[PDB]
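Shown below: work.cif, with mmCIF, C-alpha atoms.
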```cif
data_final
loop_
_atom_site.label_atom_id
_atom_site.label_comp_id
_atom_site.auth_asym_id
_atom_site.auth_seq_id
_atom_site.Cartn_x
_atom_site.Cartn_y
_atom_site.Cartn_z
CA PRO Q 1 -8.19 -3.50 -4.62
CA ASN Q 2 -4.57 -4.74 -4.12
CA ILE Q 3 -3.91 -8.06 -2.36
CA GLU Q 4 -0.41 -9.54 -2.05
CA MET Q 5 0.01 -13.02 -0.52
CA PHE Q 6 3.38 -14.31 0.70
CA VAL Q 7 3.21 -18.12 0.73
CA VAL Q 8 5.61 -21.16 0.58
CA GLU Q 9 6.73 -22.49 -2.87
CA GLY Q 10 4.81 -25.86 -2.70
CA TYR Q 11 1.55 -24.72 -4.41
CA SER Q 12 0.55 -25.71 -8.02
CA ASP Q 13 -0.78 -23.45 -10.85
CA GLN Q 14 -4.32 -24.64 -10.02
CA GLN Q 15 -4.17 -23.74 -6.32
CA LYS Q 16 -2.76 -20.31 -7.49
CA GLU Q 17 -5.59 -19.50 -9.99
CA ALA Q 18 -8.30 -20.71 -7.52
CA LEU Q 19 -6.55 -18.75 -4.72
CA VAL Q 20 -6.57 -15.64 -7.01
CA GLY Q 21 -10.26 -16.24 -7.90
CA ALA Q 22 -11.19 -16.74 -4.24
CA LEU Q 23 -9.34 -13.63 -2.82
CA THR Q 24 -10.97 -11.70 -5.71
CA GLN Q 25 -14.36 -13.49 -5.16
CA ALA Q 26 -14.01 -12.90 -1.38
CA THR Q 27 -13.22 -9.18 -1.97
CA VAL Q 28 -16.10 -8.14 -4.35
CA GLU Q 29 -18.63 -9.85 -1.95
CA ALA Q 30 -17.52 -8.39 1.44
CA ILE Q 31 -16.58 -4.74 0.53
CA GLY Q 32 -18.66 -4.57 -2.72
CA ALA Q 33 -15.57 -3.42 -4.74
CA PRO Q 34 -15.43 -3.63 -8.62
CA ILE Q 35 -14.10 -7.04 -9.92
CA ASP Q 36 -11.99 -5.29 -12.64
CA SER Q 37 -10.52 -2.99 -9.87
CA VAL Q 38 -9.11 -6.05 -8.01
CA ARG Q 39 -5.43 -6.88 -8.35
CA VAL Q 40 -3.86 -9.83 -6.59
CA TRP Q 41 -0.49 -11.27 -6.73
CA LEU Q 42 1.07 -14.22 -4.89
CA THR Q 43 4.75 -14.45 -3.88
CA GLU Q 44 6.56 -17.86 -3.67
CA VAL Q 45 8.90 -17.71 -0.62
CA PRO Q 46 11.37 -20.65 -0.83
CA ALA Q 47 11.32 -22.95 2.25
CA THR Q 48 15.04 -21.98 2.65
CA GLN Q 49 14.05 -18.28 3.21
CA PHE Q 50 10.79 -18.53 5.35
CA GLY Q 51 11.12 -18.93 9.17
CA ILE Q 52 8.44 -19.67 11.85
CA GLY Q 53 9.76 -18.84 15.37
CA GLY Q 54 13.35 -18.42 14.17
CA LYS Q 55 14.13 -21.40 11.87
CA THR Q 56 13.36 -22.02 8.15
CA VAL Q 57 10.43 -24.19 6.86
CA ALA Q 58 13.13 -26.33 5.04
CA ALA Q 59 14.52 -27.05 8.59
CA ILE Q 60 10.88 -27.97 9.54
CA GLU Q 61 2.29 -20.17 6.13
CA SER Q 62 -0.05 -17.71 4.23
CA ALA Q 63 0.23 -13.86 4.71
CA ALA Q 64 -2.37 -11.61 2.92
CA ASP Q 65 -1.67 -7.82 2.63
CA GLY Q 66 -4.80 -5.83 1.60
CA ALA Q 67 -4.35 -2.36 -0.01
CA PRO Q 68 -7.60 -0.36 0.23
CA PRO Q 69 -8.20 3.40 0.06
CA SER Q 70 -9.89 4.57 3.34
CA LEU Q 71 -13.69 4.33 2.64
CA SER Q 72 -14.35 1.31 4.96
CA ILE Q 73 -15.75 1.13 8.57
CA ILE Q 74 -14.57 -1.51 11.16
CA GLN Q 75 -17.56 -3.91 10.50
CA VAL Q 76 -16.77 -4.08 6.73
CA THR Q 77 -13.10 -4.77 7.71
CA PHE Q 78 -14.19 -7.59 10.11
CA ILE Q 79 -16.06 -9.05 7.06
CA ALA Q 80 -13.02 -8.56 4.71
CA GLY Q 81 -10.53 -10.00 7.27
CA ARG Q 82 -13.16 -12.80 7.56
CA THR Q 83 -13.87 -13.31 3.79
CA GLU Q 84 -10.12 -13.06 2.75
CA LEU Q 85 -9.27 -15.65 5.45
CA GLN Q 86 -12.13 -18.21 4.81
CA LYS Q 87 -11.80 -18.71 1.00
CA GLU Q 88 -7.98 -19.25 1.27
CA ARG Q 89 -8.67 -22.14 3.69
CA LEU Q 90 -11.08 -23.59 1.02
CA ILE Q 91 -8.67 -23.98 -1.99
CA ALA Q 92 -4.82 -23.78 -1.72
CA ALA Q 93 -5.79 -24.84 1.80
CA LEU Q 94 -4.11 -24.16 5.19
CA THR Q 95 -5.44 -24.08 8.81
CA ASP Q 96 -7.13 -20.73 9.78
CA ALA Q 97 -4.50 -20.37 12.58
CA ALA Q 98 -1.76 -20.25 9.88
CA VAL Q 99 -3.32 -17.47 7.69
CA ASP Q 100 -2.64 -13.79 8.53
CA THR Q 101 -4.65 -11.01 6.81
CA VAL Q 102 -3.26 -7.39 7.02
CA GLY Q 103 -5.27 -4.23 6.10
CA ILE Q 104 -3.27 -1.11 4.99
CA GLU Q 105 -5.53 1.98 4.47
CA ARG Q 106 -4.14 4.51 1.89
CA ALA Q 107 -5.25 8.17 2.11
CA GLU Q 108 -6.82 9.25 -1.24
CA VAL Q 109 -4.02 11.96 -1.37
CA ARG Q 110 -1.57 8.97 -1.39
CA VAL Q 111 -2.98 6.42 -3.97
CA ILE Q 112 -2.44 7.16 -7.68
CA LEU Q 113 -4.71 5.45 -10.33
CA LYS Q 114 -3.23 6.62 -13.69
CA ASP Q 115 -1.71 10.19 -13.37
CA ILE Q 116 -4.06 11.20 -10.48
CA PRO P 1 13.29 6.52 -1.25
CA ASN P 2 11.98 2.88 -1.06
CA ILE P 3 10.34 2.06 -4.43
CA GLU P 4 9.17 -1.51 -5.16
CA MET P 5 7.64 -2.00 -8.61
CA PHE P 6 5.68 -5.30 -9.03
CA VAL P 7 5.61 -6.16 -12.79
CA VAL P 8 5.17 -9.36 -15.01
CA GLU P 9 8.17 -11.62 -15.93
CA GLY P 10 8.62 -10.39 -19.58
CA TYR P 11 10.93 -7.34 -19.09
CA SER P 12 14.54 -7.51 -20.44
CA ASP P 13 17.72 -6.39 -18.51
CA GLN P 14 17.77 -3.07 -20.54
CA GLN P 15 14.10 -2.29 -19.65
CA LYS P 16 14.98 -3.02 -15.96
CA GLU P 17 18.07 -0.74 -15.86
CA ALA P 18 16.11 1.99 -17.74
CA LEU P 19 13.05 1.49 -15.43
CA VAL P 20 15.38 1.88 -12.39
CA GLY P 21 17.00 5.14 -13.74
CA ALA P 22 13.55 6.51 -14.70
CA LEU P 23 11.84 5.92 -11.28
CA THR P 24 15.01 7.29 -9.51
CA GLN P 25 15.05 10.39 -11.83
CA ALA P 26 11.25 10.80 -11.32
CA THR P 27 11.75 10.66 -7.49
CA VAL P 28 14.68 13.17 -7.29
CA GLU P 29 12.81 15.70 -9.53
CA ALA P 30 9.43 15.25 -7.79
CA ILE P 31 10.38 15.23 -4.07
CA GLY P 32 13.90 16.75 -4.35
CA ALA P 33 15.42 13.71 -2.54
CA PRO P 34 19.15 12.84 -2.75
CA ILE P 35 19.83 10.36 -5.63
CA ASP P 36 22.06 8.53 -3.07
CA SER P 37 18.84 8.21 -0.88
CA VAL P 38 16.81 6.46 -3.67
CA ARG P 39 16.61 2.63 -3.56
CA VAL P 40 14.37 1.08 -6.29
CA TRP P 41 13.60 -2.66 -6.59
CA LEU P 42 11.60 -4.45 -9.30
CA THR P 43 9.50 -7.56 -8.31
CA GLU P 44 9.02 -10.02 -11.29
CA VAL P 45 5.66 -11.88 -10.71
CA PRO P 46 4.97 -14.97 -12.88
CA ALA P 47 1.79 -14.59 -15.04
CA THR P 48 0.37 -17.69 -13.22
CA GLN P 49 0.66 -15.69 -9.93
CA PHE P 50 -0.75 -12.27 -11.03
CA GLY P 51 -4.57 -11.87 -11.10
CA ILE P 52 -6.62 -9.09 -12.78
CA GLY P 53 -10.27 -9.16 -11.53
CA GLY P 54 -10.34 -12.87 -10.65
CA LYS P 55 -8.30 -14.63 -13.37
CA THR P 56 -4.49 -15.01 -13.88
CA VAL P 57 -2.56 -13.14 -16.66
CA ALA P 58 -1.44 -16.54 -18.17
CA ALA P 59 -5.18 -17.56 -18.29
CA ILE P 60 -5.64 -14.22 -20.18
CA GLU P 61 -0.11 -4.72 -14.34
CA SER P 62 2.45 -2.24 -12.80
CA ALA P 63 2.11 -1.68 -8.99
CA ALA P 64 4.58 0.75 -7.34
CA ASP P 65 4.77 0.96 -3.52
CA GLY P 66 6.83 3.86 -2.16
CA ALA P 67 7.96 3.80 1.47
CA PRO P 68 9.13 7.39 2.22
CA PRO P 69 9.83 9.25 5.49
CA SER P 70 6.89 11.59 6.39
CA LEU P 71 7.60 15.24 5.43
CA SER P 72 5.95 15.40 1.96
CA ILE P 73 2.84 17.68 1.52
CA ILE P 74 -0.16 16.82 -0.79
CA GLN P 75 1.30 18.46 -3.92
CA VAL P 76 4.75 16.75 -3.70
CA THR P 77 2.79 13.39 -3.27
CA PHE P 78 0.60 14.03 -6.41
CA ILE P 79 3.80 14.98 -8.37
CA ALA P 80 5.50 11.80 -7.02
CA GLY P 81 2.23 10.12 -8.21
CA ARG P 82 2.45 11.47 -11.80
CA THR P 83 6.28 11.50 -12.17
CA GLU P 84 6.65 7.79 -11.22
CA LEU P 85 3.61 7.03 -13.44
CA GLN P 86 4.83 8.97 -16.51
CA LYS P 87 8.47 7.72 -16.48
CA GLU P 88 7.26 4.08 -16.35
CA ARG P 89 4.61 4.54 -19.12
CA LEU P 90 7.70 5.94 -21.07
CA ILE P 91 10.40 3.19 -20.80
CA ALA P 92 9.34 -0.50 -20.60
CA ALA P 93 5.94 1.14 -21.14
CA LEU P 94 2.43 0.02 -20.20
CA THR P 95 -0.89 1.99 -20.51
CA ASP P 96 -1.23 4.98 -18.07
CA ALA P 97 -4.50 3.50 -16.62
CA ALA P 98 -2.75 0.13 -15.90
CA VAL P 99 -0.08 1.59 -13.53
CA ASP P 100 -1.02 1.98 -9.81
CA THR P 101 1.12 3.84 -7.24
CA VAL P 102 0.99 3.46 -3.45
CA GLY P 103 2.47 6.12 -1.14
CA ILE P 104 3.23 4.87 2.42
CA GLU P 105 4.36 7.53 4.98
CA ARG P 106 6.41 5.88 7.78
CA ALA P 107 6.76 8.20 10.90
CA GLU P 108 10.30 9.46 11.87
CA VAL P 109 9.82 7.37 15.11
CA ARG P 110 9.36 4.29 12.80
CA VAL P 111 12.09 4.74 10.10
CA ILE P 112 15.59 3.48 11.08
CA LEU P 113 18.43 4.64 8.71
CA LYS P 114 21.79 3.33 10.05
CA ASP P 115 21.32 2.51 13.82
CA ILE P 116 19.41 5.79 14.43
CA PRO P 117 15.80 6.86 13.62
CA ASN P 118 15.19 10.13 11.68
CA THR P 119 13.65 11.57 14.93
CA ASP P 120 16.96 11.29 16.92
CA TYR P 121 18.52 11.81 13.40
CA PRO O 1 5.35 -10.65 13.99
CA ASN O 2 5.96 -10.02 10.19
CA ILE O 3 9.55 -9.15 9.10
CA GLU O 4 10.33 -8.99 5.35
CA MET O 5 14.01 -8.34 4.57
CA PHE O 6 14.74 -7.43 0.93
CA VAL O 7 18.36 -8.19 -0.03
CA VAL O 8 20.46 -9.13 -3.15
CA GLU O 9 20.50 -12.81 -4.34
CA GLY O 10 24.14 -13.58 -3.25
CA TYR O 11 23.74 -15.12 0.26
CA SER O 12 24.22 -18.80 1.36
CA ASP O 13 21.70 -21.08 3.19
CA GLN O 14 23.75 -20.61 6.42
CA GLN O 15 23.68 -16.75 6.17
CA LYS O 16 19.91 -17.18 5.52
CA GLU O 17 19.05 -19.40 8.54
CA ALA O 18 21.44 -17.29 10.73
CA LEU O 19 19.66 -14.14 9.35
CA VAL O 20 16.16 -15.60 10.11
CA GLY O 21 17.42 -16.59 13.63
CA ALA O 22 19.21 -13.26 14.25
CA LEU O 23 16.03 -11.33 13.17
CA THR O 24 13.79 -13.61 15.31
CA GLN O 25 16.12 -13.43 18.40
CA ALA O 26 16.55 -9.61 18.06
CA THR O 27 12.68 -9.49 17.85
CA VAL O 28 11.65 -11.74 20.83
CA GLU O 29 14.10 -9.95 23.22
CA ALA O 30 13.32 -6.26 22.40
CA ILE O 31 9.47 -6.23 21.96
CA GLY O 32 9.01 -9.40 24.14
CA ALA O 33 6.94 -11.11 21.35
CA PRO O 34 6.26 -14.92 21.13
CA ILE O 35 8.91 -16.87 19.05
CA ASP O 36 6.05 -18.92 17.46
CA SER O 37 4.29 -15.59 16.49
CA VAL O 38 7.52 -14.30 14.84
CA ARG O 39 7.39 -14.91 11.07
CA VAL O 40 10.37 -13.62 9.02
CA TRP O 41 10.99 -13.94 5.27
CA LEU O 42 13.88 -12.98 2.97
CA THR O 43 13.13 -11.67 -0.56
CA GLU O 44 16.05 -12.18 -2.99
CA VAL O 45 16.26 -9.33 -5.56
CA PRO O 46 18.57 -10.16 -8.51
CA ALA O 47 21.28 -7.52 -9.16
CA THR O 48 19.72 -6.40 -12.49
CA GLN O 49 16.58 -5.59 -10.40
CA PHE O 50 17.98 -3.62 -7.39
CA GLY O 51 18.85 0.07 -8.01
CA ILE O 52 20.77 2.64 -5.81
CA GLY O 53 20.76 6.32 -6.90
CA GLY O 54 19.72 5.15 -10.38
CA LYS O 55 22.15 2.32 -11.34
CA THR O 56 21.50 -1.46 -10.97
CA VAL O 57 23.68 -3.27 -8.39
CA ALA O 58 24.99 -5.32 -11.35
CA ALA O 59 25.99 -2.13 -13.30
CA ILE O 60 27.98 -1.53 -10.07
CA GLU O 61 21.62 -3.92 0.37
CA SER O 62 19.12 -4.60 3.23
CA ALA O 63 15.62 -3.10 3.79
CA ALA O 64 13.67 -4.63 6.73
CA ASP O 65 9.84 -4.20 6.97
CA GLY O 66 8.40 -4.95 10.44
CA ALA O 67 4.58 -5.20 10.63
CA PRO O 68 3.33 -5.37 14.24
CA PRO O 69 -0.04 -4.65 15.86
CA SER O 70 -0.19 -1.02 17.18
CA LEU O 71 0.53 -0.76 20.93
CA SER O 72 4.33 -0.33 20.68
CA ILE O 73 5.73 2.80 22.40
CA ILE O 74 8.62 4.98 21.09
CA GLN O 75 11.53 3.33 23.02
CA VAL O 76 10.50 -0.31 22.15
CA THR O 77 10.42 0.82 18.45
CA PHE O 78 13.89 2.53 18.63
CA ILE O 79 15.15 -0.62 20.42
CA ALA O 80 13.38 -2.69 17.68
CA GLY O 81 15.07 -0.43 15.06
CA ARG O 82 18.44 -1.13 16.80
CA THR O 83 18.06 -4.87 17.73
CA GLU O 84 17.21 -5.73 14.06
CA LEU O 85 19.84 -3.35 12.71
CA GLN O 86 22.67 -4.84 14.85
CA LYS O 87 22.04 -8.64 14.60
CA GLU O 88 21.92 -8.25 10.74
CA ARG O 89 25.51 -6.82 10.82
CA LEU O 90 26.55 -9.80 13.05
CA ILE O 91 25.53 -12.38 10.35
CA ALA O 92 24.52 -12.02 6.65
CA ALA O 93 26.85 -9.11 7.51
CA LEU O 94 26.81 -5.54 6.06
CA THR O 95 27.97 -2.01 7.14
CA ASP O 96 25.22 -0.32 9.24
CA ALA O 97 25.19 2.59 6.70
CA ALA O 98 23.51 0.30 4.05
CA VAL O 99 20.62 -1.03 6.22
CA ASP O 100 17.22 0.71 6.62
CA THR O 101 14.48 -0.64 8.95
CA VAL O 102 10.78 0.22 8.38
CA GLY O 103 8.15 -0.01 11.14
CA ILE O 104 4.56 -0.46 9.91
CA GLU O 105 1.78 -0.07 12.54
CA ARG O 106 -1.38 -2.11 11.74
CA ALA O 107 -4.25 -2.45 14.31
CA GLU O 108 -7.98 -2.93 13.88
#
```

If you took the structure in this file and wrote it as structure tokens, what would it be?
Amino acid sequence: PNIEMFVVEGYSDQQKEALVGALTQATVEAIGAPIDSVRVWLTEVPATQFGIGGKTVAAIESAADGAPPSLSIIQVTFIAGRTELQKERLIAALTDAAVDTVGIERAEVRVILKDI
Amino acid sequence: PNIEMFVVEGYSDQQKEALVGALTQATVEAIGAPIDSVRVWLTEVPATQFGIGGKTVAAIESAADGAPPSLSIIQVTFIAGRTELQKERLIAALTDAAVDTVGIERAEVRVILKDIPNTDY
Amino acid sequence: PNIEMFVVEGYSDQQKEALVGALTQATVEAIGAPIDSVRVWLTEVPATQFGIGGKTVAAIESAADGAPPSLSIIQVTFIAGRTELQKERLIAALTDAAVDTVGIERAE
């Protein structure tokens, strides 16, 4: 239900809105979550502040953090890690090897929707 | 004690400084933490880069991650839940139901403050 | 493998590349990870947007998130805590008092 992507600053509006759609599209399908319950945001990392193996991109990648509450088994995570990863290689493209998808489970005692 | 609020790019300097005080005040009251211990950062997301349910805000939310050390019981989490939620629906307001709050407990073996962990203090 | 440092928007290119290198080098040594598997990014927070005990920096600091896969034992974490504390005082410099490191275990 919360997906943050850290990516390099090259991408255009269009790639952004299709990347949002896709992560959202890829999320509702795999884990069967509500579309209106899906939040995404992307984060432009400047080439001057993003390093692969110790040196900046400017001197020379896509990271996806998923925030679910814990109601998901390992198989439905395999599918999510799979679906999140595939559709981001489709639009706002990048090799599969260069996309990392992270799953952070939040205890229901630790996620607050409105007051509760 | 580590509070990142992800918000849209509208908010003025006043709203920011008031949002920072409010989340800090909310934290110290809720979890009885030292004010000196409370670091709060706001993350301004362009509308073109924030999606609600598949489409961007520009084509058409408040997300608060807290990284604390693990001591807090259920009730002091729920209060941290409501207190951060209320104070932010107060200043630089948005609807209650449009603010989401994430509580991440990092183990004492995994939190490093100065050179030392909290475990070896 | 994933190191996000949040910092104020004051630092030069040189401080930045030396920070990326110092975080990568402190990483590869301690936890013996592959340089090419070490990604590190810096997130500039403007002063109006970074608050300590309730006031904005401007009205008047480093937080380092490490996300590895979950095998790491206590000592390699405390060493990780220390390697990435120290080499961030060497360059993009700051008093140790004002740096927190955060270790996030992630492993399906």

Using only C-alpha atoms: which of P:104, P:20, P:93, P:7 has the shortest distance to residue 72 in chain P | P:104

Please identify every residue of chain P that has at least one atom no farther than 12 Å from an atom of chain O, counting only C-alpha atoms, and for each give the shortest atom pair and the distance in Å to one decimal, arranged by chain then increasing number, as a Markdown table.
```
| residue | atom | partner | partner_atom | distance |
| --- | --- | --- | --- | --- |
| P:1 | CA | O:53 | CA | 9.4 |
| P:2 | CA | O:63 | CA | 8.5 |
| P:3 | CA | O:51 | CA | 9.4 |
| P:4 | CA | O:50 | CA | 9.3 |
| P:5 | CA | O:49 | CA | 9.8 |
| P:6 | CA | O:49 | CA | 11.0 |
| P:7 | CA | O:49 | CA | 11.2 |
| P:9 | CA | O:49 | CA | 11.7 |
| P:11 | CA | O:49 | CA | 10.5 |
| P:12 | CA | O:48 | CA | 9.6 |
| P:13 | CA | O:48 | CA | 6.3 |
| P:14 | CA | O:48 | CA | 8.9 |
| P:15 | CA | O:48 | CA | 10.0 |
| P:16 | CA | O:49 | CA | 6.3 |
| P:17 | CA | O:56 | CA | 6.0 |
| P:18 | CA | O:54 | CA | 8.8 |
| P:19 | CA | O:54 | CA | 9.1 |
| P:20 | CA | O:54 | CA | 5.8 |
| P:21 | CA | O:54 | CA | 4.3 |
| P:22 | CA | O:54 | CA | 7.7 |
| P:23 | CA | O:54 | CA | 8.0 |
| P:24 | CA | O:54 | CA | 5.2 |
| P:25 | CA | O:54 | CA | 7.2 |
| P:26 | CA | O:54 | CA | 10.2 |
| P:27 | CA | O:53 | CA | 10.0 |
| P:28 | CA | O:53 | CA | 9.2 |
| P:33 | CA | O:53 | CA | 10.1 |
| P:34 | CA | O:53 | CA | 7.9 |
| P:35 | CA | O:53 | CA | 4.3 |
| P:36 | CA | O:53 | CA | 4.6 |
| P:37 | CA | O:53 | CA | 6.6 |
| P:38 | CA | O:53 | CA | 5.1 |
| P:39 | CA | O:52 | CA | 4.7 |
| P:40 | CA | O:51 | CA | 4.9 |
| P:41 | CA | O:50 | CA | 4.6 |
| P:42 | CA | O:49 | CA | 5.2 |
| P:43 | CA | O:45 | CA | 7.5 |
| P:44 | CA | O:49 | CA | 8.8 |
| P:66 | CA | O:102 | CA | 11.8 |
| P:67 | CA | O:102 | CA | 8.3 |
| P:68 | CA | O:102 | CA | 9.6 |
| P:69 | CA | O:102 | CA | 9.5 |
| P:104 | CA | O:104 | CA | 9.3 |
| P:105 | CA | O:104 | CA | 9.4 |
| P:106 | CA | O:104 | CA | 6.9 |
| P:107 | CA | O:103 | CA | 8.3 |
| P:108 | CA | O:103 | CA | 9.7 |
| P:109 | CA | O:74 | CA | 6.6 |
| P:110 | CA | O:103 | CA | 4.8 |
| P:111 | CA | O:102 | CA | 5.0 |
| P:112 | CA | O:101 | CA | 4.8 |
| P:113 | CA | O:100 | CA | 4.6 |
| P:114 | CA | O:97 | CA | 4.8 |
| P:115 | CA | O:82 | CA | 5.5 |
| P:116 | CA | O:82 | CA | 7.4 |
| P:117 | CA | O:78 | CA | 6.9 |
| P:118 | CA | O:78 | CA | 10.4 |
| P:119 | CA | O:78 | CA | 9.8 |
| P:120 | CA | O:78 | CA | 9.4 |
| P:121 | CA | O:78 | CA | 11.6 |
```

Interatomic distance between CA of residue 5 in chain Q and CA of residue 55 in chain P?
->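 Computing the Euclidean distance for CA of residue 5 in chain Q and CA of residue 55 in chain P yields 15.4 Å.
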
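Within 10 Å of residue 21 in chain O, once all atoms listed in the file are used and residues closer than 5 positions along the same chain are dropped, the contacting residues are residues 51, 52, 53, 54, 55 and 56 of chain Q; 15, 16, 26, 27, 40, 87, 88 and 91 of chain O.
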
Residue selection dump (C-alpha atoms) as a PDB file, in the coordinates of the input:
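This is the output file again17.pdb:
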```
ATOM      1  CA  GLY Q  51      11.120 -18.930   9.170  1.00  0.00           C
ATOM      2  CA  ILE Q  52       8.440 -19.670  11.850  1.00  0.00           C
ATOM      3  CA  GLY Q  53       9.760 -18.840  15.370  1.00  0.00           C
ATOM      4  CA  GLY Q  54      13.350 -18.420  14.170  1.00  0.00           C
ATOM      5  CA  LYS Q  55      14.130 -21.400  11.870  1.00  0.00           C
ATOM      6  CA  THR Q  56      13.360 -22.020   8.150  1.00  0.00           C
TER       7      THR Q  56
ATOM      8  CA  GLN O  15      23.680 -16.750   6.170  1.00  0.00           C
ATOM      9  CA  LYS O  16      19.910 -17.180   5.520  1.00  0.00           C
ATOM     10  CA  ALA O  26      16.550  -9.610  18.060  1.00  0.00           C
ATOM     11  CA  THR O  27      12.680  -9.490  17.850  1.00  0.00           C
ATOM     12  CA  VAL O  40      10.370 -13.620   9.020  1.00  0.00           C
ATOM     13  CA  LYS O  87      22.040  -8.640  14.600  1.00  0.00           C
ATOM     14  CA  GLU O  88      21.920  -8.250  10.740  1.00  0.00           C
ATOM     15  CA  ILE O  91      25.530 -12.380  10.350  1.00  0.00           C
TER      16      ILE O  91
END
```

Can you turn the PyMOL selection byres ((chain Q) within 12 of (chain O)) into a concrete residue list for this file, as a PyMOL selection string?
-> chain Q and resi 6-8+43-66+72-78+80-81+97-105

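Across the structure, CA of residue 14 in chain Q and CA of residue 67 in chain Q are spaced 24.4 Å apart.
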
Using all atoms listed in the file, determine which residues lie at most 12 Å from range 38-41 of chain Q, disregarding the query and same-chain residues fewer than 6 positions distant; provide the list as a count of residues only.
-> 54

Closest to residue 71 in chain P among P:95, P:59, P:32, P:89, using all atoms listed in the file?
-> P:32

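Reported to one decimal place, the separation of CA of residue 30 in chain O from CA of residue 94 in chain O is 21.2 Å.
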
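The residue that comes closest to chain Q, out of P:85, P:58, P:92, P:80 and on the basis of all atoms listed in the file, is P:85.
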
Neighbours of point (2.0, 7.8, -15.1) within 6 Å, using all atoms listed in the file, written as a PyMOL selection string = (chain Q and resi 114-115) or (chain P and resi 82+85-86+89+96)
